[PDB]
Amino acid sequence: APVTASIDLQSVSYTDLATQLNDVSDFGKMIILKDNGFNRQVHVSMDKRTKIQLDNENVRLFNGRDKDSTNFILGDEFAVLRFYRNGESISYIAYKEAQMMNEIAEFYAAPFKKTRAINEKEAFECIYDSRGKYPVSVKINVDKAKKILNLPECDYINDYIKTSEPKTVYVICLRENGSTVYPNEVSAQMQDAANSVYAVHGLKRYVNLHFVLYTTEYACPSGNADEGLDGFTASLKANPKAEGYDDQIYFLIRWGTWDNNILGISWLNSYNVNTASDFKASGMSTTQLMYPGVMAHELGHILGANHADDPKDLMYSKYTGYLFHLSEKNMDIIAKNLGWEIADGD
């Protein structure tokens, strides 16, 4: 007493998440996450470093403290709660509209109907209100989902081609022609990409990332990622809508992957705050939920990060699901490309 605000994960809906996250002021807010056998007190704060628009729809990000291992996403149409528990990433995805929530629930349920696992509920679960019934959200444990599904191993081998006020850098994401992407999925990739940068050498002092999403007429002419990125970068130079923004970062996004289960690709060490030009800082990325951190990994390459030898590094040559740079060499390259110097400290 006074009663701390809480989120009941057995019935969490869009309106539950929106009313709690919209109450988060400048000083932050304590929110207890609750479920059967689970509790977590999280100090939630507004992410003021990153801006996101998806087809002009404003998307706000929220963080917990480092020890909370919790992030949120909030748009007018959907909300996401994502946290780490016993080394696994769990997302609660809630769409405001009943039709879209039903469509999202069916989309995420569909891969599990052929397997029909006994422990399906720990990987995927439709959540219903505490009062037929239609789901108010879906729970997806991506790590448990990967163990139930027989997904072909998608990786990052050869996913790069060699060539007082923070600076605002736009990350212009373009929905590939003919591709369908989900806002919860695109925004999670953006959030992980931005947070992988800010976690390095206090880089929020140097850069604030502004993600935007639009549709492009460009489509990769084949399944080949190298040919796809070549064409994407060429399409940007010939696009009148991109005129005057050749010094920003660009991503072609899709739901799927490229040939040889390539998750994404980018021009290596192609963005520097002083010399950025000719749409060089460009890449491609999947946005599917089961591969978190692909855009973060490709943004890493664009900022100069090479593949790292630690299997827990975001920049490991194989896809792992780890979302942070662990390589000190990569951290120094990335931070120096964003204007940081060793004498500035962290």
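For the two forms, the rigid core is made up of the largest set of C-alpha atoms that agree within 1.5 Å on superposition. Residue indices: 1-based, along the sequence shown.
Fitting each structure in 5 other deposited structures of this protein onto the rigid core and averaging C-alpha distances over structures and residues, 148-156 emerges as the more displaced of 148-156 and 174-182. In a rigid core superposition of the other structures in 5 other deposited structures of this protein, 236-244 and 219-227 differ in how far their CA atoms stray, and the farther one is 236-244. Compared against other deposited entries of this protein, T163 counts as often unmodelled, lacking coordinates in at least a third of those that resolve the residues around it.
Per the records, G132 is among the residues left out by at least a third of the other compared entries, whereas the shown structure includes it. The segment from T163 to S164 is interrupted, since 10 or more residues of the deposited sequence in that interval carry no coordinates. Look at the mean CA B-factor for 243-251 and for 148-156 in the entry; the higher one is 148-156. Between 105-113 and 168-176, the higher mean Cα B-factor belongs to 105-113.
When the C-alpha B factors of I90, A188, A276, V212 are read from the deposited coordinates, the top value falls at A276. In this entry, the residue among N208, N260, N86, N141 with the greatest C-alpha B factor is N260. Annotation for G304: C-alpha temperature factor in the middle third relative to the rest of the modelled chain, per the entry. Ranked by Cα temperature factor within the chain, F38 sits in the lowest third according to the deposited record. When the CA B factors of the chain's modelled residues are split into thirds, the value for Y218 lands in the middle one. Ranked within its chain, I118 lands in the highest third, by CA B factor from the PDB record. When all modelled residues of the chain are sorted by CA temperature factor, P135 is found within the highest third.
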